[PDB]
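Notes for the one structure printed next.
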Amino acid sequence: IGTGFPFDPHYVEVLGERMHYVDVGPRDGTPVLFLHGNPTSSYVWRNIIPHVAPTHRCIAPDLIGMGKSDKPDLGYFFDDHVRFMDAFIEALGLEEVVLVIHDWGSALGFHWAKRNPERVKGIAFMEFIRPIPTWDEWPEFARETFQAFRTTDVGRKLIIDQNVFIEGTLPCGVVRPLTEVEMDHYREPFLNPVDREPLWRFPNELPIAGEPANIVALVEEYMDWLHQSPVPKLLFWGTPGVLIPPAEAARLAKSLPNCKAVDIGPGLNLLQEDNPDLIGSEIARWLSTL
Ligand SMILES: CCCCCCOCCOCCOCCN[C@H](O)c1ccc(NNN)cc1
Ligand SMILES: [Cl-]
């Protein structure tokens, strides 16, 4: 599994900040837009993009405050990322897109797709943001840690000061051991603790047990839209997973229209880091059908 990030940096101005993105493949055709989440960056797509770049344009932005993108003075709420990603999409002049989305990026993709259904030709997703109406539906092994994360004293102490989300939560979202090179690639944007605000605000935006209300409403909305959308869907899942356990993935695969489902084997949250070969191969093959 590759550790290197061999991509020339691209930068675009958006709402006064500079956003970094990978842009490879042919200039023409329908672009494939890769959206990462917390606590990663476009580095999480480094081994999947090369299966798609031979025949399709690949665009992979770094969310604002993450990756190589600018890090302004923000609360980094979900709405901030919504604004910035909308402006990024409109600044690259994209009309029709195929979405490949993960974690909070999925929330960004889905919420974009619901508002622009005519502009989405396909969605490939995995370990995505779904409503969790009670804490019982959250994974037991992450319950205590993510409840502690959702406070302004202990949560900020763990995530902001001690970098627990990068040094602990991130490698526990991967079955196989991450190497020190990959760990350094994930550490790079957050070496300065004051730059760790998104790492803390993201788990505090998670829609668990009705809080926060706005995110619960929004995520419920795009799930309702997805359940009746004819958009072609490609769902990846792993064992035991984090945000999507196998039983939920099977339920969704049976209920979602035009949905191909793929079990990647052992996997937690960062499915890209456990089985990139299968994910990239399946995405290339599935794109061949849009
Ligand atoms: C917004 C997107 C969602 C982000 C979710 C992040 O995912 C992590 C969630 O789990 C964290 C709580 O885990 C506690 C128990 N974990 C086991 O101790 C453990 C230990 C080591 C390994 N791997 N070693 N290579 C795997 C598991
Ligand atoms: Cl999170």
Side-chain angles (χ1 to χ4, degrees), residues 1 3 34-41 43-45 63-67 75-82 85 100-111 125-132 135 137-151 154-156 158-160 162-183 186-187 189-190 196-209 211-212 215-216 218-219 222 236-245 248-249 264-275:
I1 302 181
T3 60
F34 298 76
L35 299 183
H36 75 88
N38 197 33
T40 67
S41 67
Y43 182 79
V44 80
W45 303 112
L63 299 186
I64 189 74
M66 305 178 84
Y76 290 97
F77 295 83
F78 179 66
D79 183 61
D80 287 314
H81 285 283
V82 165
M85 190 50 59
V100 179
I101 55 184
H102 176 231
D103 184 79
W104 278 105
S106 74
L108 284 170
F110 283 142
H111 181 62
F125 51 102
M126 66 205 71
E127 273 292 295
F128 60 92
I129 308 289
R130 66 176 172 112
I132 316 287
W135 272 101
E137 227 170 324
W138 183 263
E140 42 282 350
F141 59 93
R143 208 168 273 145
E144 176 187 46
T145 302
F146 270 74
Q147 280 176 336
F149 283 170
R150 284 155 77 83
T151 62
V154 167
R156 294 183 68 81
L158 296 165
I159 295 188
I160 309 268
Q162 295 178 293
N163 209 15
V164 165
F165 213 101
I166 293 286
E167 302 289 346
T169 309
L170 165 80
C172 299
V174 185
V175 177
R176 61 116 177 162
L178 295 172
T179 64
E180 212 71 19
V181 183
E182 307 169 317
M183 279 306 293
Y186 283 122
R187 287 163 179 145
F190 304 115
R196 291 164 197 172
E197 188 71 17
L199 307 176
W200 178 83
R201 180 51 79 178
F202 264 146
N204 276 277
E205 294 275 76
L206 285 169
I208 319 182
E211 211 65 68
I215 313 297
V216 177
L218 181 152
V219 170
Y222 70 59
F236 291 97
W237 50 283
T239 312
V242 171
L243 300 178
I244 312 289
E248 174 77 9
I264 62 133
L268 283 158
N269 179 250
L270 274 72
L271 304 191
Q272 310 92 323
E273 299 285 12
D274 274 311
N275 207 340

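Remember, it's 1-based here, ligands and their atoms both numbered in the order they're listed. Because only heavy atoms are used, hydrogens play no part in the values below, and waters and symmetry mates are left out as well, while side chains stay in. FYI, the numbering just counts along the sequence from 1.
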Check: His102 ring centre within less than 6.0 Å of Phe236 ring centre
no
For the ring pair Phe149 and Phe165, is the centre-to-centre distance below 6.0 Å?
yes
Atoms of ligand 1 less than 4.0 Å from [X] heavy atoms?
{"X": "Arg176", "answer": "25 (N)"}
{"X": "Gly173", "answer": "7 (O), 8 (C)"}
{"X": "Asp103", "answer": "1 (C), 2 (C), 3 (C), 4 (C)"}
{"X": "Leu268", "answer": "26 (C)"}

Please state which part of [X] comes within less than 4.0 Å of ligand 1, counting heavy atoms only: side chain, backbone, both or neither.
{"X": "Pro203", "value": "neither"}
{"X": "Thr169", "value": "both"}
{"X": "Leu243", "value": "side chain"}
{"X": "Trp104", "value": "side chain"}

Check this for me - ligand 1, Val174, N or O atoms closer than 3.5 angstrom, yes or no?
yes
Under 4.0 Å from atom 12 (C) of ligand 1, is there any protein heavy atom?
yes
Where is the nearest protein heavy atom to atom 27 (C) of ligand 1: which residue, which atom, and how far?
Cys172 O, 3.7 Å
Measure the distance from atom 14 (C) of ligand 1 to every protein heavy atom, then report the residue, atom name and distance (to 0.1 Å) of the closest one.
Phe141 O, 3.1 Å
Is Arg176 salt-bridged to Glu182, going by a charged N under 4.0 Å from an acidic O?
yes
Check this for me: does any side-chain nitrogen of one of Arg130 and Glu137 sit under 4.0 Å from a carboxylate oxygen of the other?
yes
Between the side chain of [X] and the main-chain N/O of [Y], is any donor-acceptor distance below 3.5 Å?
{"X": "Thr40", "Y": "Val44", "result": "no"}
{"X": "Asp80", "Y": "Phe77", "result": "yes"}
{"X": "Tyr186", "Y": "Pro171", "result": "no"}

Quick one: does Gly37 get a heavy atom under 4.0 Å from ligand 1?
no
Can you tell me if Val175 contacts ligand 1 (heavy atom of the residue under 4.0 Å from the ligand)?
yes
Using 30° and 60° as the class limits, which term best fits the ring planes of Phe202 and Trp104: parallel, tilted or perpendicular?
parallel
Assess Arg143 against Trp138: is NZ or CZ under 6.0 Å from the centre of the six-membered ring, and within 45 degrees of the ring's axis?
no
